[PDB]
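Presented below, as structure tokens, is a lone chain in the form deposited in one PDB entry.
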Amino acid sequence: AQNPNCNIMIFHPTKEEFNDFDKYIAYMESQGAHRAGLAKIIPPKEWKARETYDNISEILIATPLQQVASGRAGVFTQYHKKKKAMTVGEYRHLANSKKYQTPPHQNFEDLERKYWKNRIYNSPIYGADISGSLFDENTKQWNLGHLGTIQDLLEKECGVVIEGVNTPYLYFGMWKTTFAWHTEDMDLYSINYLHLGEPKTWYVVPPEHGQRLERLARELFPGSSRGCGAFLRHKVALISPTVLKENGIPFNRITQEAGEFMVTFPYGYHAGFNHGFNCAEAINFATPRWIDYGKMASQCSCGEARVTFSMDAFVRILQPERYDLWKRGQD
């Protein structure tokens, strides 16, 4: 088997290899990339997402979220406090303010250390889950707004027609803005392009050891666990790499920089943080290989996780037994 230590692999497609998205995902998985739970894709030097980002200040962040932490440095939950709307311009200015800017540091490793030591003592504001794309419509390759849809994948593989659409989301980040330990909705893939700004650091557990993570999480957040058997779906728990080492949880880390794609694979748990003001775009996608992961995906039936319109149909078709109890959580 390829990639038996489950390392994060980095790919450098040629522009010829960058034409067929589905094919290159399949290629990466033939080299074992999926075993890590995450891969890096460096686009070919010829490729451009768009001409410039000169005009993006006028994008509105309707609901910025202040990420308030509770707990110890390496084991904490965060809750999202809703703030007043602001433009990307206002957000970027806020991200560069003395209160919120990235501190002095030698390298990513020094900054990682400061993040984990000082994360809980601060409340950065995130512009997350904003519907839209910054890909130019004339960008034909790896345009996240022009991928085949999950519904069409489901229909090609299983013969069933369902409602739903699937569109990209933008994420405006600043120093310390954090994404908690999670898999994608329905354990789908995700693809994330870092359009501009400072880096994003990612941690990931191999899908074949996801249950080990889940078990640690139940021990670390014992109340949350009683409340909901898929409480990582709530996207609030943080666990540091030190804590993961101490408890024997296999994992890897990598930093994504501007102009790079990351792909998460079905049931690859991930978490991470932003180094400073940036903007990423992301979307879930599926392959034939996803269908069984979707069949087996854990669901939140405590009602905290509150998920998209399009997820109804996935659960309804792939998880008909779960569908009576799950939709009562969604309503």
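Position 1 is the first residue in the sequence shown; the rest follow in order. The term rigid core refers to the most C-alpha atoms you can superpose between the two forms while keeping them within 1.5 Å. Shifts are known only where both forms have a C-alpha.
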* Structure fact -> Ranked by mean Cα B-factor in the entry, 177-185 and 105-113, top stretch is 105-113
* For the higher mean C-alpha B factor in the entry, choose 198-206 or 229-237. => 229-237
* Structure fact -> Among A271, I283, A280, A305, the highest C-alpha B-factor in the PDB entry belongs to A305
* Tell me, please, which of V88, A73, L94, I249 has the highest C-alpha B factor according to the deposited entry? => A73
* Among all modelled residues of this chain, ranked by Cα B factor, put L65 in the bottom, middle or top third, i.e. lowest, middle or highest. => middle
* Structure fact -> Entry-reported C-alpha B-factor of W142 relative to its chain, by third, is lowest
* Entry-reported Cα temperature factor of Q256, expressed as the chain third it lands in -> lowest
* Based on the entry's values, in what third of the chain does the Cα temperature factor of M311 lie: lowest, middle or highest? -> highest
* Ordered by C-alpha B-factor within the chain, which third holds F221? Give me lowest, middle or highest, please. => middle
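Another form, the form deposited with a small molecule bound, is not on view; read the next lines as being about it.
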* Asked: Just to confirm, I41 within 4.5 Å of the small molecule in the deposited bound form by heavy atoms?
  -> no
* Stretches between this form and the one not shown where the CA atoms of at least 3 consecutive shared residues shift 2 Å or more, core fixed -> 325-329
